[PDB]
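Chain by chain, the residues run as shown.
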Amino acid sequence: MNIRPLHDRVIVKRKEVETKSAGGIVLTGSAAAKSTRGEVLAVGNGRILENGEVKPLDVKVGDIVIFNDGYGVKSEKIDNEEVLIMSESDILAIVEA
Amino acid sequence: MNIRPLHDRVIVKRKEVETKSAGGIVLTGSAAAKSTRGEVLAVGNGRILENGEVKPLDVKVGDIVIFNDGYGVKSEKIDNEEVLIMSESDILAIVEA
Amino acid sequence: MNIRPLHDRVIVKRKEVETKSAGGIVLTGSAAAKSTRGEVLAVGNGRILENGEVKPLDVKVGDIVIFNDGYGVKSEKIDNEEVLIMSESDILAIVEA
Amino acid sequence: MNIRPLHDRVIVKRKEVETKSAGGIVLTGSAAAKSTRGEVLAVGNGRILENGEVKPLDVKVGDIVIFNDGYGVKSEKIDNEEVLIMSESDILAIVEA
Amino acid sequence: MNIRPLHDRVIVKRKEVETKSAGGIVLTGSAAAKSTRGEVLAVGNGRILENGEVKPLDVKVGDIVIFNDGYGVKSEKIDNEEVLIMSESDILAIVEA
Amino acid sequence: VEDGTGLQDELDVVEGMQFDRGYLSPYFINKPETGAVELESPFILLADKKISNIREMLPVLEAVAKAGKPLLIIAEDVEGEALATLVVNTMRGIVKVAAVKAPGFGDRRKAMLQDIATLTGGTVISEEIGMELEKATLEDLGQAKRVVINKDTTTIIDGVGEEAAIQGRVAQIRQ
Amino acid sequence: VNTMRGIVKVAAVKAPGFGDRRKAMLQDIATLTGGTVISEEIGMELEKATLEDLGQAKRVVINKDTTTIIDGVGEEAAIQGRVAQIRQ
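Residues numbered from 1 in each chain as written, not as in the entry; some residues may be left out. Chains lettered and ligands numbered in written order. Part of a larger assembly, values for the part shown. Heavy atoms only, no water.

### Description of the pairing of strand β5 (residues 74-77) of chain D
Two faces belong to every sheet, and in a regular strand the side chains alternate between them.
Residues and elements named next belong to chain D.
Okay, step 1: Looking at chain direction, β5 and strand β6 (residues 82-87) are connected through 4 bridges and run antiparallel. Residue pairing across strands places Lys77 opposite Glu82, the latter belonging to β6.
Okay, step 2: If you look at the hairpin formed by β5 and β6, you'll find 4 residues sitting between the two strands, and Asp79 has a positive phi there, around 60 degrees. (Pairing = 2+ DSSP bridges. Helix = DSSP H or I, 4+ residues; strand = E, 2+ residues; numbered from the N terminus.)

Structural data, given as structure tokens:
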């Protein structure tokens, strides 16, 4: 079973936190920090506001994205993993190519 | 008897909290933990904003949903069982198949 | 001298608080809680927002409703009786049976 | 690998920090100050508020800009160096020649 | 390198603080006070906040203006001189003739 | 030498590894009286920090649960949240696990921890080193025939470890 | 009020004294009466308990300074078993 977010909501998962690649060859351990990048697992129907039309999400499923981890980010267990749930507005940019 | 939600409001009931299976074979007693999953008991008429027509809710009665336990989540005593009252916006996603 | 609501306001009165019949035949004492149950005493003119018409309220006078008591709900005395004033939005459910 | 910003988001890089040249010939050490000048690496699709297709950003790609560094601006590093992500609103002015 | 304002943003410079004319002939020393007057160095594209077109600003370059020194007012260094950046909304009045 | 209860002199001899630390969870008694804990072929876990809501490290516990073997825990402290679920788990039969406080003082207990781990073949979880609460496989945990625990004392009948490691630990002690 | 009306004839008396002291004496009271101590600490909750969990006694005697149970109904194998752990 996967999931299906309900409109405007985007389901994404986080990339590794402070992967041992900081400073170059130095292996950096994680003591207290977090990762800003994730993948879009699911796409909601779109925003329901302003009746005339439902605006589709700009981000396709499977996208690697940059987002603002803020209050509007939710954490739940799907297939025994944690997923981030936030709106389209929350995701700042998409890494492309 | 049961309640009929007053437009844009969805009546849901919370699922089991800290289900015995966290971290593995480990059985964990419930202490200070809570669950964000629930069932849709009822569906409101729709959202009444922007005056023109009433938009139908995207959630079906009996659906399984994921929602944010936020400020807009209200605790109601109906008959004698716990229910949750929130808008369509507070329900983040649907567990479908 | 009864009261007519001023636009987008509904006048309702609260039902008994922690009525001594919970769970069974055992009297449950008043532990500092209040009742969300009410009856719609009056219906306001309607929503004046968006300048497009003046839409009438969904809830008719004499209805039985469920609502969440909040800041939006105001306390007024009419002919020395307690009544509640809140908008259509603040009512969360309708009890029909 | 490079980044494409999401609608209304602009990705810029800061020029240099408290370079010793201010005040004249004199070289002034950096005791706790940060530069306000930036270059626009990428331009978002444009803001999507009020349906209307997608209104374009006034700032062109490669544009030299002056911006207000608030909490709106987000910090990530790409190709192992620091970059800035902010909306059009954060950018206050453009240096042309 | 002069400054190019960007849409609805106006670049102005503050006039001298507590000018030596208070109480008539008497000169009051400059201590802990700030001027609310400025001159408009640059004019942005205009407000883009409403579906189509770009609305022109009512302020032109070289004007002497009165403004609200609030949150929306920023300070920038141009050729080692102080310049203020704010929206047209922040400008209270125009000194004429 | 200590003062005796009787009018007679008495000698007590201790075999194997034993220390003066009791059990955090009085509730888990494996079989005998006096609060005695007897874990057979247990896995031993050593840590440099306390466990509270920080219960997450469960995959370590689960791996042991999967194994079906008892778990012995040595750390600065264990709090009731972990103990609460743990007491149920031990009573209900999912895992037979009891936890005991590490030695006495900062440097004293952690210096003492490496020998316990090496003696039993296990690895001390070094918070200090590239290790974390849930970062550590079941194989990391040390092994012993059985342990004995009471309100004020913890005993290990025999940890499973090689002589080169036992002697090396003793050899480094020469300095 | 519940007692005064007749809904339930119920009241409580404080446990013996201190954490370890009272908690230790709770197990014997429960086993003696044939009841189960609600272990908040182990795997029980305040609401979570069935009527069978509660122990039974012929009668109790209570005063301003003392609480007495004349005879809880429980089996000897359990009474002696509590006594047996007492030998250490």
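Now, onward.
### Let's talk about the sheet that holds strand β1 (residues 17-19) of chain F
Residues and elements named next belong to chain F.
Okay, step 1: What the 4 strands build is an open sheet, ordered β1-β8-β7-β2; its pairing is antiparallel. For this open sheet the edge positions go to β1 and β2 (37-40), each flanked by a neighbour on one side alone. The sheet shows a mean angle of 10 degrees between the axes of neighbouring strands, taken without regard to direction.
Okay, step 2: Where helix α3 (residues 106-120) meets the sheet, its contacts fall on β1 and β8 (154-156), and the angle it forms with β1 comes to roughly 150 degrees. (Axes fitted to C-alpha atoms, helices over the stretch in contact; angles between N-to-C directions. Contact = heavy atoms within 4.5 Å.)

### Thoughts on a negative patch on the surface
Okay, step 1: A grouping of A:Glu50, C:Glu50, D:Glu50, E:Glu50 and E:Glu53 is seen on the molecular surface, where their side chains present a negatively charged patch.
Okay, step 2: With respect to the helices and strands, C:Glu50 occurs in the loop between β2 (37-43) and β3 (64-67). (Patch = residues over 30% accessible without salt bridge, like charges linked within 9 Å, V, L, I, M, F, W, Y side chains within 5 Å. Areas by Shrake-Rupley, 256 points an atom, 1.4 Å probe, with all protein chains shown as cover. Salt bridge = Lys/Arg side-chain N within 4 Å of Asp/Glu carboxyl O. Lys, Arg positive; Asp, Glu negative; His and termini not counted. Charge placed at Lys NZ, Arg CZ, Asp CG, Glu CD.)

### Thoughts on the arrangement of the chains
Okay, step 1: By contact count, the leading pair among the 9 pairs of chains in contact is chains B and C.
Okay, step 2: The two units chain A and chain G remain apart, with a minimum C-alpha distance of 24 Å.

### Comments concerning empty space enclosed by the protein
Summary: where empty space remains is shown by rolling a probe the size of a single water molecule over the atoms.
All names here are of chain F.
Okay, step 1: Scanning all chains against the criterion turns up 1 cavity of 30 Å³ or more.
Okay, step 2: The space that makes up the largest cavity amounts to roughly 150 Å³.
Okay, step 3: Lining the largest cavity are 15 residues, with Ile51, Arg55, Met57, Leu61 and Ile73 positioned closest to its centre.
Okay, step 4: Contributing elements (two or more residues each) for the lining of the largest cavity: α1 (58-67), β4 (71-75), α2 (80-92) and β5 (97-101). (1 Å grid on protein atoms, 1.4 Å probe; cavity = no way out; pocket = protein on both sides within 12 Å on 5 of 7 lines; lining within 4 Å. Points joined across faces, edges and corners; volume = space filled by probe spheres on them.)

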